[PDB]
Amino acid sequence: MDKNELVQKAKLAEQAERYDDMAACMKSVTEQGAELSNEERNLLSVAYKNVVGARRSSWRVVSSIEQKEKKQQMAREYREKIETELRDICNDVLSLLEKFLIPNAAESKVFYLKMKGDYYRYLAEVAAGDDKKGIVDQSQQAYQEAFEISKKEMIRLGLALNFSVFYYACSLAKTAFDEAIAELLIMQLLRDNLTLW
């Protein structure tokens, strides 16, 4: 396939901004013989996040507008479409993780398992019925799994942020952020998130 050409292809794509292209080359690379060289590993997260997050954004706004009837049938209609593009990415990557990444790793374990909880979390926001539950739980047992592989050889602090804000707590953000002070964007971020909650 030429893994290192798919890699040097995604890079080009990122420099050219086309993220759906980048996430594509990086998915091809990931489903080869894994172990994603540090550049590749980030390239994966950077491409997929530019993609997913975009829909996460669209979905946010079109939903704000769906709430504030027919202008809502037409808004539910669109939101249903932007939720699909979204679900398709989270599934696309979720598989990559559980199926090739998380089971092929030390630090990278919590980097990935954080990402598993992350995308599942995006699926939870967007979920529906009991579906909602089965998913939001899966977000926890992944975040909490990376969390447990934190007090180890330590991404870690970054997890705190996500996982903490997954609960919505502020408590957990201090703790993380408190153990970070005795180590003396990431640090201020959850300090900042405490101004909120």
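The first residue of the shown sequence is 1; numbering continues from there.
Quiz prompt | Unresolved deposited residues lying between neighbours residue 184 and residue 185 | solution = Count of unmodelled residues in between: 10 or more.
**Q.** Residues of the deposited sequence left unbuilt between residue 69 and residue 68
**A.** The entry has 4 to 9 unmodelled residues between residue 68 and residue 69.
- Query: With respect to the recorded C-alpha B factors, which stretch has the higher mean value, 159-167 or 128-136?
  - Reply: Stretch with the higher mean C-alpha B-factor: 128-136.
Which of the two stretches, 95-103 or 113-121, shows the higher mean Cα temperature factor in the record? The entry gives the higher C-alpha B-factor average to 95-103.
Top residue by Cα temperature factor, when 38, 144, 50, 64 are compared in the entry | Across 38, 144, 50, 64, the entry lists the biggest C-alpha B-factor for 38.
Choose from 150, 28, 58, 45 the residue with the greatest Cα B-factor as stated in the PDB record.
-> That would be 150, according to the entry.
Which third of the chain does residue 178 land in by C-alpha B-factor: lowest, middle or highest?
For residue 178, the deposited C-alpha B-factor lands in the highest third.
request  = Could you tell me which third, lowest, middle or highest, the C-alpha B-factor of residue 81 occupies within its chain?
outcome  = Tercile = middle for this residue's CA B-factor.
Notebook entry, point to check: C-alpha B factor of residue 5, ranked within the chain: lowest, middle or highest third?
Noted result: Lowest third of the chain for residue 5's C-alpha B-factor.
Checklist entry - What third of its chain's C-alpha B-factors does residue 17 belong to: lowest, middle or highest? => result Middle third, going by the recorded CA B-factors of the chain.
Review point. How does residue 54 rank on Cα B-factor within its chain, lowest, middle or highest third?
Key: Within its chain, residue 54 is a lowest-third residue by C-alpha B-factor, going by the deposited values.
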